[PDB]
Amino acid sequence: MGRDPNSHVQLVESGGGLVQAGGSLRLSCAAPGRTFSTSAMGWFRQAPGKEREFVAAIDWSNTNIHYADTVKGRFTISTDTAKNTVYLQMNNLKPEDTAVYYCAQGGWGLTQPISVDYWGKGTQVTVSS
């Protein structure tokens, strides 16, 4: 039910919720990493009234890690060894981190970190002061 609901590739995010400022939260994304082991995995977020923005990216070998400057030192992207799940560990959360967070699968782009092939449905993260 991610942006293409009928495709073979499906991405499902979970773990969103309400968190106090300064707290931690880890998002999960079930992904077909064993099959599509060469594709880039990434996290995006979209807050109300703003455009979707890049957050983090990684390959299924836990290398080629990219971060947006706004989250460096606070967020960590990772994968599990069986290539079944992508994670976004979030630390020292701020109100500006409130958004719907999207998981994505695609290729490594030239003009942007990931040129996306498939989108998830999104999970809502709300940070309160």
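Sequential numbering from 1, following the sequence displayed.
The stretch with the higher mean CA B factor, choosing between 66-74 and 44-52, is 44-52. In this crystal structure, the stretch out of 106-114 and 15-23 whose C-alpha atoms carry the higher mean B factor is 15-23. Sort the chain's modelled residues by C-alpha temperature factor and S61 lands in the highest third, per the entry. Ranked by Cα temperature factor within the chain, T98 sits in the middle third according to the deposited record. When the modelled residues of the chain are ordered by C-alpha B-factor, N84 sits in the lowest third.
In the PDB entry, a CA B factor belonging to the middle third of its chain's modelled residues is recorded for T35.
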